[PDB]
>>> print(open('final-v7.pdb').read())   # PDB, C-alpha atoms
MODEL        1
ATOM      1  CA  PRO E   1      28.327 -35.851-115.427  1.00  0.00           C
ATOM      2  CA  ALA E   2      29.084 -37.125-111.901  1.00  0.00           C
ATOM      3  CA  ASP E   3      32.808 -36.744-112.582  1.00  0.00           C
ATOM      4  CA  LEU E   4      32.174 -33.005-112.251  1.00  0.00           C
ATOM      5  CA  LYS E   5      32.516 -33.633-108.512  1.00  0.00           C
ATOM      6  CA  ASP E   6      36.295 -33.419-108.821  1.00  0.00           C
ATOM      7  CA  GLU E   7      36.052 -30.490-111.216  1.00  0.00           C
ATOM      8  CA  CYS E   8      33.847 -28.318-108.993  1.00  0.00           C
ATOM      9  CA  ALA E   9      35.947 -29.455-106.020  1.00  0.00           C
ATOM     10  CA  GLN E  10      38.863 -27.578-107.554  1.00  0.00           C
ATOM     11  CA  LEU E  11      36.824 -24.440-108.257  1.00  0.00           C
ATOM     12  CA  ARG E  12      35.782 -24.390-104.600  1.00  0.00           C
ATOM     13  CA  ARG E  13      39.350 -24.785-103.325  1.00  0.00           C
ATOM     14  CA  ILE E  14      40.645 -22.191-105.802  1.00  0.00           C
ATOM     15  CA  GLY E  15      38.109 -19.760-104.405  1.00  0.00           C
ATOM     16  CA  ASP E  16      39.165 -20.524-100.853  1.00  0.00           C
ATOM     17  CA  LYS E  17      42.837 -20.073-101.738  1.00  0.00           C
ATOM     18  CA  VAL E  18      42.091 -16.619-103.170  1.00  0.00           C
ATOM     19  CA  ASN E  19      40.218 -15.537-100.059  1.00  0.00           C
ATOM     20  CA  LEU E  20      42.969 -17.072 -97.924  1.00  0.00           C
ATOM     21  CA  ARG E  21      45.765 -15.200 -99.705  1.00  0.00           C
ATOM     22  CA  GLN E  22      43.957 -11.858 -99.896  1.00  0.00           C
ATOM     23  CA  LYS E  23      42.879 -12.150 -96.252  1.00  0.00           C
ATOM     24  CA  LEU E  24      46.426 -12.318 -94.864  1.00  0.00           C
ATOM     25  CA  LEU E  25      47.529  -9.949 -97.627  1.00  0.00           C
ATOM     26  CA  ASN E  26      45.430  -7.333 -95.873  1.00  0.00           C
ATOM     27  CA  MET E  27      45.616  -8.498 -92.252  1.00  0.00           C
TER      28      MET E  27
ATOM     29  CA  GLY N   1      12.278  -9.666-106.668  1.00  0.00           C
ATOM     30  CA  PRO N   2      12.031 -13.134-105.027  1.00  0.00           C
ATOM     31  CA  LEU N   3      12.882 -11.746-101.587  1.00  0.00           C
ATOM     32  CA  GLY N   4      12.986  -8.007-101.066  1.00  0.00           C
ATOM     33  CA  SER N   5      14.937  -5.819-103.449  1.00  0.00           C
ATOM     34  CA  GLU N   6      18.131  -7.672-104.319  1.00  0.00           C
ATOM     35  CA  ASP N   7      17.715  -6.473-107.898  1.00  0.00           C
ATOM     36  CA  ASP N   8      19.408  -3.179-106.994  1.00  0.00           C
ATOM     37  CA  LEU N   9      22.741  -4.898-106.409  1.00  0.00           C
ATOM     38  CA  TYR N  10      21.906  -7.297-109.248  1.00  0.00           C
ATOM     39  CA  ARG N  11      21.837  -4.460-111.811  1.00  0.00           C
ATOM     40  CA  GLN N  12      25.446  -3.603-111.020  1.00  0.00           C
ATOM     41  CA  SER N  13      26.624  -7.211-110.789  1.00  0.00           C
ATOM     42  CA  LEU N  14      25.040  -8.171-114.113  1.00  0.00           C
ATOM     43  CA  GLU N  15      26.762  -5.300-115.910  1.00  0.00           C
ATOM     44  CA  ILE N  16      30.068  -5.359-113.986  1.00  0.00           C
ATOM     45  CA  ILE N  17      30.510  -9.077-114.651  1.00  0.00           C
ATOM     46  CA  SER N  18      29.529  -8.668-118.300  1.00  0.00           C
ATOM     47  CA  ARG N  19      32.112  -5.894-118.744  1.00  0.00           C
ATOM     48  CA  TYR N  20      34.736  -8.233-117.310  1.00  0.00           C
ATOM     49  CA  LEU N  21      33.904 -11.187-119.569  1.00  0.00           C
ATOM     50  CA  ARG N  22      33.633  -8.891-122.602  1.00  0.00           C
ATOM     51  CA  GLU N  23      37.082  -7.489-121.826  1.00  0.00           C
ATOM     52  CA  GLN N  24      38.521 -10.961-121.237  1.00  0.00           C
ATOM     53  CA  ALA N  25      36.887 -12.419-124.347  1.00  0.00           C
ATOM     54  CA  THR N  26      38.551  -9.789-126.511  1.00  0.00           C
ATOM     55  CA  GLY N  27      41.769  -9.838-124.529  1.00  0.00           C
ATOM     56  CA  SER N  28      41.899  -6.085-124.845  1.00  0.00           C
ATOM     57  CA  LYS N  29      40.787  -3.423-122.371  1.00  0.00           C
ATOM     58  CA  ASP N  30      38.198  -2.141-124.839  1.00  0.00           C
ATOM     59  CA  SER N  31      35.190  -2.390-122.488  1.00  0.00           C
ATOM     60  CA  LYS N  32      33.475   0.990-122.288  1.00  0.00           C
ATOM     61  CA  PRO N  33      33.063   2.757-118.903  1.00  0.00           C
ATOM     62  CA  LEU N  34      29.934   1.139-117.464  1.00  0.00           C
ATOM     63  CA  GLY N  35      27.594   3.819-116.181  1.00  0.00           C
ATOM     64  CA  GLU N  36      24.733   1.489-115.381  1.00  0.00           C
ATOM     65  CA  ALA N  37      26.573  -0.039-112.411  1.00  0.00           C
ATOM     66  CA  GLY N  38      27.708   3.392-111.259  1.00  0.00           C
ATOM     67  CA  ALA N  39      30.974   4.267-109.525  1.00  0.00           C
ATOM     68  CA  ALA N  40      31.073   0.876-107.796  1.00  0.00           C
ATOM     69  CA  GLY N  41      31.102  -0.748-111.222  1.00  0.00           C
ATOM     70  CA  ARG N  42      34.213   1.202-112.140  1.00  0.00           C
ATOM     71  CA  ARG N  43      35.987   0.253-108.932  1.00  0.00           C
ATOM     72  CA  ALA N  44      34.825  -3.332-109.297  1.00  0.00           C
ATOM     73  CA  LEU N  45      35.921  -3.618-112.930  1.00  0.00           C
ATOM     74  CA  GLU N  46      39.480  -2.642-111.955  1.00  0.00           C
ATOM     75  CA  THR N  47      39.468  -5.250-109.231  1.00  0.00           C
ATOM     76  CA  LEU N  48      37.578  -7.864-111.246  1.00  0.00           C
ATOM     77  CA  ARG N  49      40.082  -7.761-114.120  1.00  0.00           C
ATOM     78  CA  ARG N  50      43.179  -7.858-111.884  1.00  0.00           C
ATOM     79  CA  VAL N  51      41.969 -10.334-109.264  1.00  0.00           C
ATOM     80  CA  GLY N  52      39.883 -12.377-111.699  1.00  0.00           C
ATOM     81  CA  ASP N  53      42.838 -12.889-114.024  1.00  0.00           C
ATOM     82  CA  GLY N  54      45.025 -13.617-111.012  1.00  0.00           C
ATOM     83  CA  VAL N  55      42.800 -16.576-110.152  1.00  0.00           C
ATOM     84  CA  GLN N  56      43.495 -17.884-113.638  1.00  0.00           C
ATOM     85  CA  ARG N  57      47.247 -17.236-113.406  1.00  0.00           C
ATOM     86  CA  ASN N  58      47.812 -19.581-110.462  1.00  0.00           C
ATOM     87  CA  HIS N  59      45.291 -22.322-111.363  1.00  0.00           C
ATOM     88  CA  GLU N  60      44.467 -22.014-115.078  1.00  0.00           C
ATOM     89  CA  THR N  61      45.077 -25.759-115.390  1.00  0.00           C
ATOM     90  CA  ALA N  62      41.988 -26.295-113.215  1.00  0.00           C
ATOM     91  CA  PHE N  63      39.866 -24.019-115.376  1.00  0.00           C
ATOM     92  CA  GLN N  64      41.055 -25.849-118.487  1.00  0.00           C
ATOM     93  CA  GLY N  65      40.029 -29.080-116.807  1.00  0.00           C
ATOM     94  CA  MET N  66      36.518 -27.925-115.962  1.00  0.00           C
ATOM     95  CA  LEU N  67      36.233 -26.236-119.371  1.00  0.00           C
ATOM     96  CA  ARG N  68      36.580 -29.635-121.034  1.00  0.00           C
ATOM     97  CA  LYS N  69      33.878 -31.067-118.754  1.00  0.00           C
ATOM     98  CA  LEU N  70      31.437 -28.178-119.163  1.00  0.00           C
ATOM     99  CA  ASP N  71      28.911 -29.045-121.854  1.00  0.00           C
ATOM    100  CA  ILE N  72      28.871 -25.492-123.203  1.00  0.00           C
ATOM    101  CA  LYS N  73      27.497 -25.434-126.747  1.00  0.00           C
ATOM    102  CA  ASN N  74      23.747 -24.875-126.763  1.00  0.00           C
ATOM    103  CA  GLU N  75      21.417 -22.721-124.619  1.00  0.00           C
ATOM    104  CA  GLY N  76      21.873 -25.512-122.087  1.00  0.00           C
ATOM    105  CA  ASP N  77      25.218 -23.843-121.307  1.00  0.00           C
ATOM    106  CA  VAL N  78      23.528 -21.540-118.790  1.00  0.00           C
ATOM    107  CA  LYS N  79      22.080 -24.656-117.143  1.00  0.00           C
ATOM    108  CA  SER N  80      25.521 -26.238-117.270  1.00  0.00           C
ATOM    109  CA  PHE N  81      27.033 -23.357-115.317  1.00  0.00           C
ATOM    110  CA  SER N  82      24.123 -23.518-112.877  1.00  0.00           C
ATOM    111  CA  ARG N  83      24.952 -27.205-112.362  1.00  0.00           C
ATOM    112  CA  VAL N  84      28.492 -26.396-111.277  1.00  0.00           C
ATOM    113  CA  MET N  85      27.433 -23.195-109.454  1.00  0.00           C
ATOM    114  CA  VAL N  86      25.065 -25.023-107.095  1.00  0.00           C
ATOM    115  CA  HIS N  87      27.763 -27.604-106.371  1.00  0.00           C
ATOM    116  CA  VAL N  88      30.491 -24.992-105.838  1.00  0.00           C
ATOM    117  CA  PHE N  89      28.514 -23.418-102.990  1.00  0.00           C
ATOM    118  CA  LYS N  90      27.435 -26.740-101.460  1.00  0.00           C
ATOM    119  CA  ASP N  91      29.900 -26.453 -98.572  1.00  0.00           C
ATOM    120  CA  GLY N  92      28.382 -23.061 -97.791  1.00  0.00           C
ATOM    121  CA  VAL N  93      31.671 -21.150 -97.942  1.00  0.00           C
ATOM    122  CA  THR N  94      30.558 -17.976 -99.678  1.00  0.00           C
ATOM    123  CA  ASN N  95      33.836 -16.168 -98.772  1.00  0.00           C
ATOM    124  CA  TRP N  96      34.499 -13.305-101.199  1.00  0.00           C
ATOM    125  CA  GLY N  97      37.483 -15.014-102.813  1.00  0.00           C
ATOM    126  CA  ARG N  98      35.244 -17.802-104.085  1.00  0.00           C
ATOM    127  CA  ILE N  99      32.838 -15.453-105.922  1.00  0.00           C
ATOM    128  CA  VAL N 100      35.722 -13.845-107.799  1.00  0.00           C
ATOM    129  CA  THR N 101      36.816 -17.362-108.735  1.00  0.00           C
ATOM    130  CA  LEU N 102      33.367 -18.183-110.164  1.00  0.00           C
ATOM    131  CA  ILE N 103      33.595 -15.122-112.382  1.00  0.00           C
ATOM    132  CA  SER N 104      37.219 -15.998-113.140  1.00  0.00           C
ATOM    133  CA  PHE N 105      36.185 -19.398-114.489  1.00  0.00           C
ATOM    134  CA  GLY N 106      33.148 -18.089-116.337  1.00  0.00           C
ATOM    135  CA  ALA N 107      35.360 -15.506-117.984  1.00  0.00           C
ATOM    136  CA  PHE N 108      37.976 -18.110-118.910  1.00  0.00           C
ATOM    137  CA  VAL N 109      35.216 -20.037-120.646  1.00  0.00           C
ATOM    138  CA  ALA N 110      34.052 -16.822-122.304  1.00  0.00           C
ATOM    139  CA  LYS N 111      37.523 -16.380-123.779  1.00  0.00           C
ATOM    140  CA  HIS N 112      37.441 -19.719-125.582  1.00  0.00           C
ATOM    141  CA  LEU N 113      33.762 -19.153-126.292  1.00  0.00           C
ATOM    142  CA  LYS N 114      34.811 -15.986-128.098  1.00  0.00           C
ATOM    143  CA  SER N 115      37.430 -17.800-130.187  1.00  0.00           C
ATOM    144  CA  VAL N 116      34.804 -20.385-131.154  1.00  0.00           C
ATOM    145  CA  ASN N 117      32.508 -17.486-132.109  1.00  0.00           C
ATOM    146  CA  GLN N 118      29.790 -18.356-129.605  1.00  0.00           C
ATOM    147  CA  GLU N 119      29.594 -14.820-128.224  1.00  0.00           C
ATOM    148  CA  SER N 120      25.809 -15.086-128.369  1.00  0.00           C
ATOM    149  CA  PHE N 121      26.141 -17.168-125.185  1.00  0.00           C
ATOM    150  CA  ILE N 122      28.838 -15.132-123.382  1.00  0.00           C
ATOM    151  CA  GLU N 123      26.434 -12.192-123.078  1.00  0.00           C
ATOM    152  CA  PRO N 124      23.695 -14.200-121.203  1.00  0.00           C
ATOM    153  CA  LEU N 125      26.424 -16.184-119.406  1.00  0.00           C
ATOM    154  CA  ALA N 126      27.420 -13.326-117.082  1.00  0.00           C
ATOM    155  CA  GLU N 127      23.700 -12.683-116.634  1.00  0.00           C
ATOM    156  CA  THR N 128      23.090 -16.303-115.625  1.00  0.00           C
ATOM    157  CA  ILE N 129      26.054 -16.213-113.246  1.00  0.00           C
ATOM    158  CA  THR N 130      25.009 -12.966-111.589  1.00  0.00           C
ATOM    159  CA  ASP N 131      21.324 -13.901-111.318  1.00  0.00           C
ATOM    160  CA  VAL N 132      21.832 -17.183-109.482  1.00  0.00           C
ATOM    161  CA  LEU N 133      24.492 -15.589-107.268  1.00  0.00           C
ATOM    162  CA  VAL N 134      22.327 -12.654-106.174  1.00  0.00           C
ATOM    163  CA  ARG N 135      19.173 -14.743-105.643  1.00  0.00           C
ATOM    164  CA  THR N 136      20.952 -17.186-103.305  1.00  0.00           C
ATOM    165  CA  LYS N 137      23.287 -14.756-101.518  1.00  0.00           C
ATOM    166  CA  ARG N 138      21.353 -11.485-101.479  1.00  0.00           C
ATOM    167  CA  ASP N 139      22.082 -11.087 -97.758  1.00  0.00           C
ATOM    168  CA  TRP N 140      25.733 -12.035 -98.199  1.00  0.00           C
ATOM    169  CA  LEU N 141      26.327  -9.259-100.742  1.00  0.00           C
ATOM    170  CA  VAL N 142      24.618  -6.715 -98.476  1.00  0.00           C
ATOM    171  CA  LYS N 143      26.886  -7.723 -95.575  1.00  0.00           C
ATOM    172  CA  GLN N 144      29.948  -6.600 -97.546  1.00  0.00           C
ATOM    173  CA  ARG N 145      28.302  -3.508 -99.080  1.00  0.00           C
ATOM    174  CA  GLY N 146      27.977  -5.414-102.346  1.00  0.00           C
ATOM    175  CA  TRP N 147      30.767  -4.571-104.765  1.00  0.00           C
ATOM    176  CA  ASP N 148      31.763  -1.622-102.558  1.00  0.00           C
ATOM    177  CA  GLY N 149      33.221  -3.954 -99.941  1.00  0.00           C
ATOM    178  CA  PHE N 150      34.514  -6.330-102.605  1.00  0.00           C
ATOM    179  CA  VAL N 151      36.563  -3.524-104.103  1.00  0.00           C
ATOM    180  CA  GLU N 152      37.765  -2.264-100.732  1.00  0.00           C
ATOM    181  CA  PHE N 153      39.062  -5.720 -99.763  1.00  0.00           C
ATOM    182  CA  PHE N 154      40.480  -6.676-103.202  1.00  0.00           C
ATOM    183  CA  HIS N 155      41.569  -3.307-104.675  1.00  0.00           C
ATOM    184  CA  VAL N 156      44.846  -3.640-102.793  1.00  0.00           C
ATOM    185  CA  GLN N 157      47.666  -5.640-104.370  1.00  0.00           C
ATOM    186  CA  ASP N 158      49.919  -8.315-102.851  1.00  0.00           C
ATOM    187  CA  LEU N 159      52.300  -7.233-100.113  1.00  0.00           C
ATOM    188  CA  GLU N 160      54.127 -10.516 -99.640  1.00  0.00           C
ATOM    189  CA  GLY N 161      55.196 -10.648-103.272  1.00  0.00           C
ATOM    190  CA  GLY N 162      53.336 -13.168-105.382  1.00  0.00           C
TER     191      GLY N 162
ENDMDL
END
>>> encode(input="final-v7.pdb", output="structure tokens")
Amino acid sequence: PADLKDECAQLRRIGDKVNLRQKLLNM
Amino acid sequence: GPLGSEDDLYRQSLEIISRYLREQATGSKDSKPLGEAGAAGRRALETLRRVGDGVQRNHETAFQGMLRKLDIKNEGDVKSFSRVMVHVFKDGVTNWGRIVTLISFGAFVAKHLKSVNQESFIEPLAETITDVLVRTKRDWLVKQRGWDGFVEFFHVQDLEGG
């Protein structure tokens, strides 16, 4: 239940890493 | 609906996402050419399958982790995804890469959901994902031309190599 904090934390960071990579990938 | 007409973009999103999960659940590019979402749906599907799977390629271990925590089994599964969804956007970073990741995870779940023969939930899953997303970030989608901008920014492949 509350341990999902660390799970969703990953999902957030994974999303940021995608945006980060694709951002520089373009410009 | 709730605020203005966000349902227009919702129609595409609901179908585009569904086509992606249906294609991922089977593991074969069998998904029929979505006409409901229009041309943007076609462009988005290309992007969604390549970028969405890419998210899984680099951090599948994370999806496997969350998959074991997600209480997906009964109709409550849509509530389960909502539970993580709300928390995933708690820091407010709605950056495009994160949305693709949400779909990426939902689709990863859909794949195992397919192997466990719980396809009756994968169908409304994409719907649940797209509904919440559009109702909370209706303005955000509009700012990037919806899927039109999503495709334009993510239709290109890596240039650095990896």
>>> closest_residue(input="final-v7.pdb", among="N:124, N:149, N:76, N:162", to="chain E", atoms="all atoms listed in the file")
N:162
>>> interface_residues(input="final-v7.pdb", of="chain E", to="chain N", cutoff="6 Å", atoms="all atoms listed in the file", output="PyMOL selection string")
chain E and resi 7-8+12+15-16+18-19+25
>>> atom_distance(input="final-v7.pdb", atom1="atom CA of residue N:125", atom2="atom CA of residue N:20")
11.7 Å
>>> resolve_selection(input="final-v7.pdb", expression="the PyMOL selection byres ((chain N and resi 7) around 12)", output="PyMOL selection string")
chain N and resi 1-6+8-14+37+130-135+137-139+141-142+146
>>> axis_aligned_box(input="final-v7.pdb", around="stretch 151-155 of chain N", padding_each_side="8 Å", output="JSON")
{"center_x": 39.1, "center_y": -4.5, "center_z": -102.2, "size_x": 21.0, "size_y": 20.4, "size_z": 20.9}
>>> closest_residue(input="final-v7.pdb", among="N:143, N:121, N:33, N:26", to="residue N:79", atoms="all atoms listed in the file")
N:121
>>> atom_distance(input="final-v7.pdb", atom1="atom CA of residue N:53", atom2="atom CA of residue N:80")
22.1 Å
>>> atom_distance(input="final-v7.pdb", atom1="atom CA of residue N:47", atom2="atom CA of residue N:81")
22.8 Å
>>> resolve_selection(input="final-v7.pdb", expression="the PyMOL selection byres ((chain N and resi 114) around 12)", output="number ranges by chain")
N: 21-27, 107-113, 115-123
>>> decode(input="final-v7.pdb", residues="stretch 17-37 of chain N", atoms="N, CA, C and O atoms", output="PDB file, in the first residue's frame")
ATOM      1  N   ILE N  17      -4.229   4.709 -27.433  1.00  0.00           N
ATOM      2  CA  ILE N  17      -3.637   3.963 -26.330  1.00  0.00           C
ATOM      3  C   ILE N  17      -4.088   2.510 -26.381  1.00  0.00           C
ATOM      4  O   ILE N  17      -3.272   1.599 -26.235  1.00  0.00           O
ATOM      5  N   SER N  18      -5.377   2.296 -26.618  1.00  0.00           N
ATOM      6  CA  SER N  18      -5.918   0.947 -26.696  1.00  0.00           C
ATOM      7  C   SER N  18      -5.211   0.147 -27.787  1.00  0.00           C
ATOM      8  O   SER N  18      -4.821  -0.997 -27.564  1.00  0.00           O
ATOM      9  N   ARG N  19      -5.018   0.758 -28.955  1.00  0.00           N
ATOM     10  CA  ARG N  19      -4.343   0.090 -30.065  1.00  0.00           C
ATOM     11  C   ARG N  19      -2.934  -0.329 -29.660  1.00  0.00           C
ATOM     12  O   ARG N  19      -2.458  -1.392 -30.059  1.00  0.00           O
ATOM     13  N   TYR N  20      -2.284   0.503 -28.856  1.00  0.00           N
ATOM     14  CA  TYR N  20      -0.934   0.215 -28.398  1.00  0.00           C
ATOM     15  C   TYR N  20      -0.923  -0.974 -27.439  1.00  0.00           C
ATOM     16  O   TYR N  20      -0.139  -1.908 -27.613  1.00  0.00           O
ATOM     17  N   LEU N  21      -1.796  -0.957 -26.436  1.00  0.00           N
ATOM     18  CA  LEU N  21      -1.844  -2.053 -25.475  1.00  0.00           C
ATOM     19  C   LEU N  21      -2.275  -3.354 -26.142  1.00  0.00           C
ATOM     20  O   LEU N  21      -1.759  -4.417 -25.813  1.00  0.00           O
ATOM     21  N   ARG N  22      -3.202  -3.269 -27.090  1.00  0.00           N
ATOM     22  CA  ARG N  22      -3.677  -4.452 -27.806  1.00  0.00           C
ATOM     23  C   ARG N  22      -2.551  -5.075 -28.631  1.00  0.00           C
ATOM     24  O   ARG N  22      -2.456  -6.297 -28.759  1.00  0.00           O
ATOM     25  N   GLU N  23      -1.697  -4.219 -29.179  1.00  0.00           N
ATOM     26  CA  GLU N  23      -0.577  -4.660 -29.999  1.00  0.00           C
ATOM     27  C   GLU N  23       0.528  -5.237 -29.111  1.00  0.00           C
ATOM     28  O   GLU N  23       1.196  -6.208 -29.466  1.00  0.00           O
ATOM     29  N   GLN N  24       0.699  -4.642 -27.936  1.00  0.00           N
ATOM     30  CA  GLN N  24       1.704  -5.100 -26.987  1.00  0.00           C
ATOM     31  C   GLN N  24       1.269  -6.381 -26.287  1.00  0.00           C
ATOM     32  O   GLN N  24       2.098  -7.242 -25.994  1.00  0.00           O
ATOM     33  N   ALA N  25      -0.025  -6.499 -26.019  1.00  0.00           N
ATOM     34  CA  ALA N  25      -0.567  -7.675 -25.351  1.00  0.00           C
ATOM     35  C   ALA N  25      -0.397  -8.917 -26.218  1.00  0.00           C
ATOM     36  O   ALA N  25      -0.131 -10.006 -25.714  1.00  0.00           O
ATOM     37  N   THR N  26      -0.556  -8.747 -27.522  1.00  0.00           N
ATOM     38  CA  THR N  26      -0.408  -9.853 -28.449  1.00  0.00           C
ATOM     39  C   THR N  26       1.062 -10.092 -28.766  1.00  0.00           C
ATOM     40  O   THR N  26       1.497 -11.228 -28.962  1.00  0.00           O
ATOM     41  N   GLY N  27       1.818  -8.999 -28.808  1.00  0.00           N
ATOM     42  CA  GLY N  27       3.232  -9.075 -29.110  1.00  0.00           C
ATOM     43  C   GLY N  27       3.459  -9.067 -30.603  1.00  0.00           C
ATOM     44  O   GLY N  27       4.584  -9.211 -31.079  1.00  0.00           O
ATOM     45  N   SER N  28       2.376  -8.876 -31.337  1.00  0.00           N
ATOM     46  CA  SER N  28       2.411  -8.857 -32.782  1.00  0.00           C
ATOM     47  C   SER N  28       1.741  -7.582 -33.271  1.00  0.00           C
ATOM     48  O   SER N  28       0.764  -7.127 -32.675  1.00  0.00           O
ATOM     49  N   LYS N  29       2.259  -7.008 -34.346  1.00  0.00           N
ATOM     50  CA  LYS N  29       1.697  -5.790 -34.909  1.00  0.00           C
ATOM     51  C   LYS N  29       0.449  -6.161 -35.712  1.00  0.00           C
ATOM     52  O   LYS N  29       0.400  -6.044 -36.935  1.00  0.00           O
ATOM     53  N   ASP N  30      -0.571  -6.620 -35.002  1.00  0.00           N
ATOM     54  CA  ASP N  30      -1.816  -7.046 -35.630  1.00  0.00           C
ATOM     55  C   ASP N  30      -2.886  -5.959 -35.548  1.00  0.00           C
ATOM     56  O   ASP N  30      -3.860  -5.995 -36.297  1.00  0.00           O
ATOM     57  N   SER N  31      -2.698  -4.991 -34.649  1.00  0.00           N
ATOM     58  CA  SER N  31      -3.654  -3.898 -34.469  1.00  0.00           C
ATOM     59  C   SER N  31      -4.034  -3.249 -35.798  1.00  0.00           C
ATOM     60  O   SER N  31      -3.174  -2.810 -36.568  1.00  0.00           O
ATOM     61  N   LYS N  32      -5.337  -3.205 -36.045  1.00  0.00           N
ATOM     62  CA  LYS N  32      -5.884  -2.645 -37.273  1.00  0.00           C
ATOM     63  C   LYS N  32      -5.729  -1.129 -37.285  1.00  0.00           C
ATOM     64  O   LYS N  32      -5.706  -0.496 -36.228  1.00  0.00           O
ATOM     65  N   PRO N  33      -5.596  -0.543 -38.488  1.00  0.00           N
ATOM     66  CA  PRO N  33      -5.441   0.908 -38.661  1.00  0.00           C
ATOM     67  C   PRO N  33      -6.616   1.696 -38.092  1.00  0.00           C
ATOM     68  O   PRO N  33      -7.679   1.784 -38.711  1.00  0.00           O
ATOM     69  N   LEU N  34      -6.406   2.248 -36.902  1.00  0.00           N
ATOM     70  CA  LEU N  34      -7.412   3.043 -36.205  1.00  0.00           C
ATOM     71  C   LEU N  34      -7.856   4.227 -37.061  1.00  0.00           C
ATOM     72  O   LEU N  34      -7.038   5.034 -37.509  1.00  0.00           O
ATOM     73  N   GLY N  35      -9.149   4.321 -37.306  1.00  0.00           N
ATOM     74  CA  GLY N  35      -9.670   5.408 -38.106  1.00  0.00           C
ATOM     75  C   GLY N  35     -10.376   6.421 -37.237  1.00  0.00           C
ATOM     76  O   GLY N  35     -10.546   7.585 -37.611  1.00  0.00           O
ATOM     77  N   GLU N  36     -10.769   5.954 -36.062  1.00  0.00           N
ATOM     78  CA  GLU N  36     -11.469   6.754 -35.072  1.00  0.00           C
ATOM     79  C   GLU N  36     -10.607   7.921 -34.586  1.00  0.00           C
ATOM     80  O   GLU N  36     -11.095   9.040 -34.431  1.00  0.00           O
ATOM     81  N   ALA N  37      -9.325   7.658 -34.359  1.00  0.00           N
ATOM     82  CA  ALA N  37      -8.403   8.689 -33.891  1.00  0.00           C
ATOM     83  C   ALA N  37      -7.905   9.571 -35.035  1.00  0.00           C
ATOM     84  O   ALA N  37      -7.304  10.622 -34.805  1.00  0.00           O
TER      85      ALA N  37
END
